[PDB]
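Heads up, the Cβs are rebuilt from the backbone with ideal geometry, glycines too, and the neighbour counts pull from every protein chain shown. All of this is worked out from the model, or read from it or from the source named; nothing here is a laboratory result.
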Amino acid sequence: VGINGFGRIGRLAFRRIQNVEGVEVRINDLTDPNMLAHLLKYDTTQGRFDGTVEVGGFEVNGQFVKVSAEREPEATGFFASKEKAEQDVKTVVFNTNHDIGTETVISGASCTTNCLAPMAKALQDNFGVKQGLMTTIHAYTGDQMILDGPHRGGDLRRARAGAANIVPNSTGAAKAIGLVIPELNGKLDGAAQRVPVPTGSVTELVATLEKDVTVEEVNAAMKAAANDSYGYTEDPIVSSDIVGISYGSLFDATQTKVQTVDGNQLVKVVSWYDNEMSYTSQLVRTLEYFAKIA
Amino acid sequence: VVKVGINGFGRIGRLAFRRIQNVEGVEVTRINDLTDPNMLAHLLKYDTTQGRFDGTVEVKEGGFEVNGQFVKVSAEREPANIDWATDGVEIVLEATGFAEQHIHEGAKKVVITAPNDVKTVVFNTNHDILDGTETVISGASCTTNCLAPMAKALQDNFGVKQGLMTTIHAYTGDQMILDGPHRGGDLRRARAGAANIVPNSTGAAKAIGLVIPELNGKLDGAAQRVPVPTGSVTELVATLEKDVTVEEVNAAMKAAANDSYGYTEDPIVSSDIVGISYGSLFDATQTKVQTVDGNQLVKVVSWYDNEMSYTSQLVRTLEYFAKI
Amino acid sequence: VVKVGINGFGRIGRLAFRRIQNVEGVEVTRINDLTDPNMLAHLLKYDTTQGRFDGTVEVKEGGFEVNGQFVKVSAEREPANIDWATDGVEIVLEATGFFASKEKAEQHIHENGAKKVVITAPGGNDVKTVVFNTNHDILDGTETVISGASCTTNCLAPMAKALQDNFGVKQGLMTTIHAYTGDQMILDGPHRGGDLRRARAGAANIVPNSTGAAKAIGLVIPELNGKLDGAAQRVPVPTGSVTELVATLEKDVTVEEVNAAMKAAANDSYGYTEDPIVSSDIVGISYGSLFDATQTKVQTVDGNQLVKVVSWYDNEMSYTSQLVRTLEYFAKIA
Amino acid sequence: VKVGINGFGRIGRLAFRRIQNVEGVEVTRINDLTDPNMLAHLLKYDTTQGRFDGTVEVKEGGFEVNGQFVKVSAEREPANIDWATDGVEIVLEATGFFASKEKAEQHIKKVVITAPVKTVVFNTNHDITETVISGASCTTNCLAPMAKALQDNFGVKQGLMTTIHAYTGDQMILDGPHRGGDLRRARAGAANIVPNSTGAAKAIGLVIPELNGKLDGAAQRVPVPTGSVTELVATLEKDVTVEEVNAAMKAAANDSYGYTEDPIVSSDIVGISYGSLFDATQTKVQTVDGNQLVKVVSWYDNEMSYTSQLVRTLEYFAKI
């Protein structure tokens, strides 16, 4: 395994890989290894590093790992394309559609799609969804400004102080769900509300189903669909409790609503995820499985 | 001029007082609260979310001296003992936990900062129901003032079948500052309010019926308490009787706009609605009309300052009710 | 193996339990708290600042099942009625708040009860105040009730001891940049105890606040009695604090001498570090105090000097770790 | 006095806002490289300093404000900016790139620079014609009227400063590589107490020569988006009481230096016009043996306090 781009996703992917047997990880990033070693050691949201780091590259808990700084050749964000990857791209979400050998380039999807997919999948199999609108109450991220200032991408809301506001933002995750679950292509749209927590998110989905359902039917269905990626809990948890978790998505039975007005129904289903570590865990799970195939 | 009395000088009472300073024919001539005046004067002057007080406040024997003007502050336990008419008070703002014990020698009318036989009024939504006969009326909850004009606008123009509401809300005083035991037993309000996204139940979507009877039973919702000290946004996903576009929805909200229901197309955030005078501010940039097959879901979004939006509305009702 | 009892399973009691799990030769075999076990278990499991519990916790009739091992949880309002010895309990952490004097704490000492008690509240006059690896030498063993001191005096003491022993302190002023605490209002409202600053939204303000930990350092280090005073700026982080001490010494010194002194004075309770860390790095640490060499100053203008010296601590878990150390040690003497 | 602003970041925008509420000071040109739609939005809406007091509409060229047209250009090098076309006499240099004489010379009449050249702090040493001057740092504007008061009344030997500071744009929103290699400013600014060095204490000599070499300090950057406090522990020549120092500061109070005895917090000083607000409630005078340590504390809004001082300096300097 070789990591290009040692930002937040890169450093956590590494951390995650230290506690997985058959993977291990070379790194490439343009910044000072002193800077990177310090940021690997110490982490605000995810706690101190589990081990030692000392700065050719840096050695971690003994083993040397060579860290290069090449301009041109994958978690940099600069090379987010099919052609842009040196030795339609398959969007994969583990334990959802990883069942789709070969390939040049695959995408582990967006952090939000990995939360949405298993829950949305569970609804289509059991009940069949007609349509639905998504809202993710989301932690703030690096593309937001720490204080009100000119955004590089021209976005007037991400220009605002990220940890002092509720900030609406557009997300493609809900619309691009067709690329993992073609059954739901064009059925789901959504938006985000970025809020002052440094990591940890929840995704709410209000949807209309093919057949009538109860609150208990919905919850049971999700408990039945639970696995390593898609968690299940009936504990009244909050965002800090899901920081650092290994589930890509964690369904919360306590927030479920099935509103019946006349014969018609609206179903609300809610799933937690740590936009950092929930995604990174599903990324590594995929990363491992993908090296297994050829 | 409408002389006003405030019973309960908590967050709402102090903000009502503040608000009334910049409203013409309304003046507070008597405050009644049981806490130390020195504590009250300091909290009236200095305010985390709403800024320094626009003026000067000094404690004196009997009351406060605000901008020169003396305002009596008493500390009567039972509302029966308060001699409101001595200070010319023709209406009371009841903002603690009650109530015609204000009505005697005393005031003539009263407004409760809550929801009971008493009429629930959201200004510029259903303040037409007040014939003037009434003795006690209620201004409603803070989220009810946000949702109501937006909801009503959908029911008048398109008719509402049903809808689910989610409010991304500022943290509140009923949440713990740090992880601890909650008096009631709530395992989520037990957690650090300024360090978490905390799911919570709200009955404001249900009790909308009291303000808009047509939507009684049709609306339900919940809240996600988040780490800002004030400011909130209510998202309503709803099914309508007519087919619509996003433009038609937005144009209808613009056509329903007033002092209570604002309209904007600016990509704002929560701090931009802190201290506003609108009860609700419709944000047309967050509108969605999803059409899958022939069926439609309509998403509709409005900002509010759970403190000052409510308080502005509350004062509008207070002045109008007194002037019948 | 030291079998421990907890009376009062609040913030501190739960953290002491958590801390004890990762320490050997110290084990909790009885808990006593009057709140609903469901509420307690939940708050043991889930924790905003200190993270998810390391293991599993299920409620059960009689007590908790923590990762297999059953731990008894009684609800006795009177300490006289807690049969601690039945669960072979030797020493009791008294973290309730309602038995914060000696005679009151001594209600845990009977035939079928405990042998010793450690209170989380101040040791008043006839109750010795112990900071571990600072003045735990004062315990002969005959003692019945001791106090594990305040959270800030556990941070300030090792750093202030190291200065006195090496260089001698004339005087000093302390400033603690402190996490906001439970006694602060979440939003602007009337504070019960009258305090116009604790009245304000704790997580949206820098809030000055007094602290007697600098003044009451004498109870721990009698050398320094009357030499130190200080104050606090409470700020918007849920836990984690940093203490700065500007001081005048008896000897003249350089920046490298003092940092070396702190490194030589370093131990299990007093950490040493030269990494440029921030408050989130010291969350959940076992050091009572963690000296930071990077912030050290020695301003020499004329012959006269001022020495500024700085140390991190987690006002939740650093205190707890010192509390568990003093709790362990005190049981091993009798 | 017609004023031009180069760099429309936090200070540049707030200066614009402040100048609206000042009698004979008018902004008639702004120069910033970023999109006028972006800039007009950030003027209208401001997280910590509230909505703009008026209307702002982007138009062809620059943007209209309360009907009136303000030009907004986008020239990189300070030459090329034809400031005189729009009648401006003085320029507030607020980018941070042209932080020196020579670079700040964009004369082709007066310039006021935002970095640390003659360094002024209004109502402290604005008594000291010129072309390029400095309005100083934000922290320096807090410390100076407080330190000056101790020098004049009691005489300062020595002192150590600690500023508990609101987080700022040069800190990362989340943990990541800082451009200037700082391992602390790299960290999530709004989720940490973040120690950091400041030269405001050392460079006080420039504002008050009497105190040169005598004061040093540092900063603890904390999670509030604006609003700061400066603590100064210091040894004096004379012996003092707590009451004597509090009465000194009250006597030294003016438009720039506030005096309060109210037990306030940082949100209470957001958007104030005072460059520094002395807080008597935090004063200490520790006497151990005969020797004394004196602690003096002053609030300031690193954004608007600094800006308010900047606009006083600017107005005055044009009128000489």
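Okay, here's what the table says:
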item	result
Enumeration of residues in segment B:208-239 that are surrounded by 20 or more Cβ atoms within 10 Å (Cβ to Cβ) and either part of a loop (DSSP other than H, G, I, E, B) or in contact with a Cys (Cβ under 8 Å, 6 or more places away or on another chain) (or both)	B:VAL211, B:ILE212, B:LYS218, B:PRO227, B:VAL228, B:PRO229, B:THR230, B:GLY231, B:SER232, B:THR234
Counted residues, segment D:229-239 - those being within 19 Å of the chain's Cα centre (by Cα) and within 8 Å of chain C (Cβ to nearest Cβ)	2
Condition check for B:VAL244: surrounded by 24 or more Cβ atoms within 10 Å (Cβ to Cβ), out of contact with any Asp or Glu (no Cβ under 9 Å at 6 or more places or on another chain) and not polar (S, T, N, Q)	no
Conditions (1) at the interface with chain D (Cβ under 10 Å from one of its Cβ atoms); (2) over 21 Å from A:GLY231 (Cβ atoms); (3) of a type outside the set (S, T, N, Q): number failed by A:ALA139	(2)
Segment D:87-97 - residue that is crowded, with 18+ Cβ neighbours inside 10 Å and not hydroxyl-bearing (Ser, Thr, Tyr) and, of those, farthest from D:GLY4 (Cα to Cα)	D:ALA94
Residues (of a type in the set (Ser, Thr, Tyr) and within 22 Å of A:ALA225 (Cβ to Cβ)) located in segment A:256-279	A:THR256, A:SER271, A:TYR273, A:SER278, A:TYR279
Residue in segment A:9-32 that is farther than 22 Å from A:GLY200 by Cα and in contact with a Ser or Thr (Cβ under 7 Å, 6 or more places away or on another chain) present	yes
Any hit, segment B:167-185, residues being in a loop (DSSP other than H, G, I, E, B) and among the basic types (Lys, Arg)	yes
Residue under evaluation C:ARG197, criteria (1) within 22 Å of the chain's Cα centre (by Cα); (2) buried (at least 18 other Cβ atoms within 10 Å of the Cβ), criterion not met	(1)
Within segment D:22-54, tally of residues that are more than 21 Å from D:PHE98 (Cβ to Cβ), within 14 Å of another protein chain (Cβ to nearest Cβ) and outside any helix (DSSP H, G or I)	10
Failed condition for B:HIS182, given (1) at the interface with chain C (Cβ under 10 Å from one of its Cβ atoms); (2) buried (at least 24 other Cβ atoms within 10 Å of the Cβ)	(2)
Every residue from segment D:55-66 that is crowded, with 19+ Cβ neighbours inside 10 Å and either facing chain A (nearest Cβ under 8 Å) or not β-branched (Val, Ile, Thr) (or both)	D:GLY62, D:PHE63
Conditions (1) farther than 19 Å from D:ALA318 by Cα; (2) within 14 Å of chain A (Cβ to nearest Cβ): number failed by D:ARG76	(2)
Residue within segment B:122-144 that is surrounded by fewer than 24 Cβ atoms within 10 Å (Cβ to Cβ), assigned by CATH to the domain that holds B:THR49, farther than 30 Å from B:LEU240 by Cβ and among the charged types (D, E, K, R) present	yes
Any hit, segment A:275-292, residues being assigned to a strand (DSSP E or B) and of a type outside the set (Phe, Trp, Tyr)	no
The lone exception for D:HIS107 - which of (1) assigned to a loop (DSSP other than H, G, I, E, B); (2) within 23 Å of the chain's Cα centre (by Cα); (3) of a type outside the set (A, V, I, L, M, F, W, C) it fails	(2)
Residues satisfying the stated conditions in segment C:276-314, i.e. among the polar types (S, T, N, Q), surrounded by fewer than 24 Cβ atoms within 10 Å (Cβ to Cβ) and within 26 Å of D:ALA190 (Cβ to Cβ)	C:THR294, C:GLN295
Selected residue (only one of A:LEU205, A:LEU250 is part of a strand (DSSP E or B), crowded, with 17+ Cβ neighbours inside 10 Å and touching a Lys or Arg at 6+ places or on another chain (Cβ under 8 Å))	A:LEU205
Qualifying residue in segment A:120-135 (condition: within 30 Å of D:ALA188 (Cα to Cα), under 19 Å from the mean Cα position of the chain (by Cα) and of a type outside the set (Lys, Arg))	yes
